[PDB]
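Data block below; observations after.
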Amino acid sequence: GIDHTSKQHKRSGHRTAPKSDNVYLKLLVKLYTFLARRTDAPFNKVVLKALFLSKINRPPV
Amino acid sequence: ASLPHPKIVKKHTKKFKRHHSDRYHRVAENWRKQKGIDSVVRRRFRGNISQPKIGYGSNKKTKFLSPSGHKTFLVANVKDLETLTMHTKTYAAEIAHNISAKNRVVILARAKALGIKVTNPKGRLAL
Amino acid sequence: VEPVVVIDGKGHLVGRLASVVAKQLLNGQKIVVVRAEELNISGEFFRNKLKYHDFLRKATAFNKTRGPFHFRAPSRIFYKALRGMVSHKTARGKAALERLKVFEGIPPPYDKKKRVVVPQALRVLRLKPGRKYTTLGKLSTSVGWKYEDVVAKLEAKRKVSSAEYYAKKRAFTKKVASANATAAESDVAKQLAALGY
Amino acid sequence: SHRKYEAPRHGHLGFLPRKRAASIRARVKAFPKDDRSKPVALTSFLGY
Amino acid sequence: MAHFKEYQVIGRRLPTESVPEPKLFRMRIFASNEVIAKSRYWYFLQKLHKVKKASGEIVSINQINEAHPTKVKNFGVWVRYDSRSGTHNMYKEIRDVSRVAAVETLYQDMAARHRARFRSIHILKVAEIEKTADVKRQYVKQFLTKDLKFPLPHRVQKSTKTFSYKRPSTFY
Amino acid sequence: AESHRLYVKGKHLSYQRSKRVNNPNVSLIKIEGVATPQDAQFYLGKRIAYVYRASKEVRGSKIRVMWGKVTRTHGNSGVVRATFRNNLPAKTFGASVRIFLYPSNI
RNA sequence: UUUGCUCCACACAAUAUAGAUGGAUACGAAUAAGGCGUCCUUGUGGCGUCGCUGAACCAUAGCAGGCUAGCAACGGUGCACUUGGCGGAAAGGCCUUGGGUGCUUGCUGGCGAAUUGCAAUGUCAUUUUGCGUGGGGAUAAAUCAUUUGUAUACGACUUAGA
RNA sequence: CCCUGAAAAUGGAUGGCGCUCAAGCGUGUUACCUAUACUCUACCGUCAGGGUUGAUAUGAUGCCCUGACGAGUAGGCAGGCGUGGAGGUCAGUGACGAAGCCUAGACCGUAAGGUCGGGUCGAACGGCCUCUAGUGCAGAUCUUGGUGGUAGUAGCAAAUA
RNA sequence: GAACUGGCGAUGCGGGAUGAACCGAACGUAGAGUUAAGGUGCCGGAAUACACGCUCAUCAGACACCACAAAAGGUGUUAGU
Ligand SMILES: [Mg+2]
Ligand SMILES: [Mg+2]
Ligand SMILES: [Mg+2]
Ligand SMILES: [Mg+2]
Ligand SMILES: [Mg+2]
Ligand SMILES: [Mg+2]
Ligand SMILES: [Mg+2]
Ligand SMILES: [Mg+2]
Ligand SMILES: [Mg+2]
Ligand SMILES: [Mg+2]
Ligand SMILES: [Mg+2]
Ligand SMILES: [Mg+2]
Ligand SMILES: [Mg+2]
Ligand SMILES: [Mg+2]
Ligand SMILES: [Mg+2]
């Protein structure tokens, strides 16, 4: 037995992918996943995370 | 034979039979989870039937493999059989239950000519 | 070691002997116990008679013939002690129990077989000197055993026959030892002594 | 609760079971003690 | 526990500016190890003086070996112990070859005759009795007589085997 | 000669067990003439055969063998623990087994 | 009532094993006492010796134990044939007598073994049963049905009947 | 410590047998026994952190590396199994035998289940991607129907024959 | 009927014979090793271990929760003032 200090098997709570089935959105996601992995620019990581966002979480500009 | 593989471990060969299916005819043997408040099976008391758990999962290397080492693929005709042309070391054909005897003769002939192992070659043989 | 072990129950303590025999039978040794009437129980005779009377008064209320059975013979009192020391309601315990025979006196063919003792159950080695003890044949007679006198008569005549056998064996032993004495100081004897014999 | 009036038992518990005898001829279960000084003699007789 | 050692434990109050170099109190403690020896030291200093482990220090702990371990001595032992309903002082005499062994025997004897645990016993004093005619207990005096010799009747020999073929004897 | 034995007599006592749970995978063997774990250490790793008879001839014989080996000592009185390729049947509690002198270190 | 039944012997087949794998190797008593040997004046005797475990004693060598030649002693063991004597607690065994017939490792020789391939119980026991062969032996009952009433709800009991 | 004080109703309970220089009581030193606990290893799953595109020999919700973790009623969520019908597809199966049913015969899956052989049978029926619901039973003194033990049992003995 | 905490409920596993709550310890599927609490005459795995004492009960005693015992008394026996 282990005296657990935190909840076990807890999901991160952040989206790892778009909820949608838009194939062109998934192509954009795979492009910026490659860029976020192979570059140290935090811009690519920010854009990649924003590509996962829901509609209420991407209000129009 | 088939592709070399590690020794196949099953982790549980015994069938998971439903509680009291040996007690009452109306309780079928198909596994069902006891949900009663007092149930000794659900509470996992010693000396009771074991319940299916994910820890019993088969080694992914040997999962779905027959003892001969092939994954079973169901075929209904020659064209279905042809898909295993390049995968004779990993897949064995099994002829569907509803194939007629004369079509089975053709399927078996093509399988022998191509090198696909047939799981059930004695089905519907005239003699 | 030997296929059958014959224990002379004279001078042994009932419970310690029963524990030893129970372990032997469960381990697969065939045991015959003789002279159960000469077994001993620690404690004075009156106290052990009171204990047996407490045992006697336990019986099934609505039918006495299905109740606890009170066997009076010394061999059966020993057998009862060995049960409860054996898991007698199982097949393995039953199999162990057919490996055991208990008798009063020494009936044939055991009267001409070698008898052993169990030192860890012997009264003279176990009890402190001065502690009172009971004799099983006397307790059984006070409880209702009927055959103390016939057993005593048979034991007396067996002892007579055994005494003549022993006298013959002692005479032959004396002449064998005399012959072995003449074999000494010979070359073969000197070599055997050098080798340890 | 107790019987509320004492009365002796009905019948004798030592003549049990009250079953049919195994034989029509009742068996002699005890003979007189032997006395070797007297001459040989029968201990019982049969009659109708 | 009963494999007792004897330790001298010397300790003192923690030095301050008003009283540097305190007085270095010392006790002899019978204990199975040094950890227990130090604990017993602090327990007794706790009870006798207004000092505790937090406000004190252990300057030295040394095992004291017997001077002549192979010389049979008589020991007077003064103890104080707690019974189920009071506290009592006792004097006892032990014939033994060392102080730690005599204290072992004392603890066994107190446990046996008075059901007093190690928890309940204070060893006030252990002192060799220098000569006879000062031994006060008959259970010790009876072993001091000239040319003492006694038999050991009824010898019981341990058997390595379950069965014996010879009806053993108890001669000795 | 009249003796041909090349093994040491043993008795199958029981499985490894607690008061109410047994472990059929480990058997307890009493080896004749062994009374201490120090003496039982000589027998560690020795091969054990349970030899029994059957009514049906199988491979030219009515005699069948269950093979195992001594794994460790057990208790204080020379009992040893043993494991067999297939566990002993448990009707053999009290039956005789054979402890051979191979593999040998002497 | 099928040429049935029974005992003995050997031949085959089946059946199983609560578990052979050198030998269950016999005084009785006491244990703050005994065993054995010896002597005497025969005892609750004198003397000597022993134990401190059976770690003993006996058996133990030979193709799982072959074939053959001797030497020395007249011993040891097996098998039948035997002369008896004893044993009733469940005797079913113990002690014997006399020849015959094998073996003898008590002591000297000579021949054989292999390949089960570096291990695989590597099969050597013994309950029981059936089918055969050849040698003895013996030549009934019970039940139903009928019948009695010392019995009886029915079974059962108790009687009778060539 | 022991004993007296110490009396309840079926026969009985240091668990039982039994145990007396204990197998009892106090104490002390070792050895030994065994939990789904601890250590190490394998495998399943979950969670987390990562690697992988000058075409990664065209699957990047894939493949792989590393670490930790795994009890669970009420309850929540996720991934899957199965059923009737609908769109599409496999130019799928089938009177040379579809569906159904029986099968201490085989194989796959932790499981829901899936697959095959054999028997019986005679006219339709599957896989896959989606759509849809009157979609999964052991209970409700559940509904309807069928059938047992009881049991060859109770009973067929008023009204003269 | 309240307070704090830990539990049971919702939880199996080893131990307390037996038992919701006590002790130990919390649980995927297995292998090996080691232990906890509890034990090691036999049932039953494991010393009829070793050591110093005490106790004999014609109603001994034998492990916490827990399956009770008191005032009072004894030239029983042991130690002590
Ligand atoms: Mg399976
Ligand atoms: Mg319920
Ligand atoms: Mg509940
Ligand atoms: Mg009577
Ligand atoms: Mg069926
Ligand atoms: Mg069909
Ligand atoms: Mg039609
Ligand atoms: Mg509905
Ligand atoms: Mg239903
Ligand atoms: Mg509730
Ligand atoms: Mg209890
Ligand atoms: Mg419990
Ligand atoms: Mg606690
Ligand atoms: Mg015990
Ligand atoms: Mg044991």
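Excluded from the calculations below are hydrogen atoms, water molecules and symmetry mates; all remaining heavy atoms, backbone and side chain alike, are included. Chain naming here is simple, since letters A, B, ... match the order of the sequence lines and numbering starts at 1 in each.
Using atom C1' as the reference point in both I:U35 and H:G105, the two lie 49 Å apart (nearest Å). Nucleotides G:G106 and G:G62 place their P atoms 13 Å apart, quoted to the nearest Å. The same atom, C1', is picked in G:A138 and in G:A145; the two are 32 Å apart, to the nearest Å. Only the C1' atoms considered, G:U83 is 9 Å distant from G:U96, to the nearest whole Å. When the P atom is compared between H:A22 and H:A6, the two are found 34 Å apart, to the nearest whole Å. For the P atom pair drawn from I:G19 and I:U34, the interatomic distance equals 31 Å after rounding to whole Å. Rounded to whole Å, the separation between the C1' atoms of G:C58 and G:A26 comes to 16 Å. H:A99 and H:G70 have their P atoms separated by 49 Å, with the value rounded to a whole Å.
Applying the 3.5 Å cutoff to both bonds, H:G92 and H:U120 do not register as a Watson-Crick or G-U wobble pair. Between G:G66 and G:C111 there is a Watson-Crick or G-U wobble pairing whose two distances both come in under 3.5 Å. Remark: G:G106 does not pair with I:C8, failing the Watson-Crick or G-U wobble criterion at under 3.5 Å for both atom pairs. The bases of I:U40 and H:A31 line up as a Watson-Crick or G-U pair, and both contact lengths stay under 3.5 Å. Pairing between G:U31 and G:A145: absent (Watson-Crick or G-U wobble, both distances under 3.5 Å). Between G:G78 and G:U101, a Watson-Crick or G-U wobble pair is formed, both defining distances falling under 3.5 Å. Between I:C13 and I:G24 there is a Watson-Crick or G-U wobble pairing whose two distances both come in under 3.5 Å. Remark: I:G41 does not pair with G:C47, failing the Watson-Crick or G-U wobble criterion at under 3.5 Å for both atom pairs. The base of G:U25 engages G:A56 as a Watson-Crick or G-U wobble partner, both distances under 3.5 Å. Nucleotides G:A160 and G:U146 satisfy the base-pair criterion: a Watson-Crick or G-U wobble arrangement whose two donor-acceptor distances both fall under 3.5 Å.
When each of B:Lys102 and C:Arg131 is assigned the nucleotide of RNA chain H bearing its nearest heavy atom, the one mapping closer to the 5' terminus is C:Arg131. When each of B:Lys15 and A:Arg37 is assigned the nucleotide of RNA chain H bearing its nearest heavy atom, the one mapping closer to the 5' terminus is A:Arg37. Each of E:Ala112 and C:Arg47 was assigned the nucleotide of RNA chain I with the nearest heavy atom; the assignment lying further toward the 5' end belongs to E:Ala112. A residue-by-residue look at F:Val21 and F:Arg81 shows that F:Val21 has its nearest nucleotide of RNA chain I further toward the 5' end.
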Generate the contact string for nucleotides 62-82 of chain H. Rules: B means base contact, S means sugar-phosphate contact only, - means no protein heavy atom under 4.0 Å.
-------BBSSS---------
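As judged by a 4.0 angstrom heavy-atom cut-off over every strand, F:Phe93 is placed among the base-contacting residues. Heavy atoms of F:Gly75 sit under 4.0 angstrom from primed sugar atoms or phosphate atoms, though from no base atom.
If you check I:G16, G:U152, G:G62 against the side chain of D:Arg20, the one that comes closest is G:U152. Distance from the side chain of E:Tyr165 is smallest to G:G54 among H:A22, G:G54, G:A59.
Ion pairing of F:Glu57 with F:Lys62 is present here, as a side-chain N (NZ or NE/NH1/NH2) and a carboxylate O approach within less than 4.0 Å.
Look at C:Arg83 and you won't find any side-chain N or O under 4.0 angstrom from OP1 or OP2 of I:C42. Residue B:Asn77 places at least one side-chain N or O closer than 4.0 Å to OP1 or OP2 of H:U93. Distances shown here put every side-chain N or O of F:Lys56 at or beyond 4.0 Å from the OP1 or OP2 atom of G:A14. Not one side-chain nitrogen or oxygen of C:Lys23 sits closer than 4.0 Å to the OP1 or OP2 atom of I:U48.
Counting atom types as modelled, B:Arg26 pairs no side-chain N or O with a base atom of H:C137 as donor and acceptor under 3.5 Å.
Neighbouring nucleotides G:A32 and G:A33 do not stack on each other, since their six-membered rings fail either the 5.5 Å centre distance or the 30° plane angle limit. Adjacent nucleotides H:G82 and H:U83 have six-membered base rings whose centres lie under 5.5 Å apart with planes inclined under 30°, meeting the stacking criterion. The six-membered rings of G:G84 and its strand neighbour G:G85 lie with centres under 5.5 Å apart and planes within less than 30°, so the two bases count as stacked. Stacking status of G:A24 with G:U25: not stacked, per the base-ring test of centres under 5.5 Å and planes under 30°. Here G:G92 and G:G93 show unstacked bases; the six-membered rings are not both centred less than 5.5 angstrom apart and angled under 30°.
In this pair, F:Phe93 and F:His12 present their aromatic rings perpendicular. The plane angle is above 60°, beyond the 30 to 60° band. Ring geometry for B:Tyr56 versus B:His12: interplanar angle of 30 to 60°, hence tilted.
G:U60 takes the syn form, because its glycosidic angle lies no more than 90° either side of 0.
Remark: ring of B:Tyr24 does not overlap the six-membered base ring of H:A138 in a stacked fashion, as centroids less than 5.5 Å apart with planes less than 30° apart are not both met. Where stacking is scored as ring centres under 5.5 Å apart with planes under 30°, C:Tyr166 registers as stacked on the base of G:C27.
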ring-ring contact (aromatic ring centres under 6.0 Å, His included) for E:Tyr81 and E:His114? Distances and angles first, verdict last.
CA-CA 10 Å; E:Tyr81 88 102; E:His114 308 289; 5.6 Å; yes
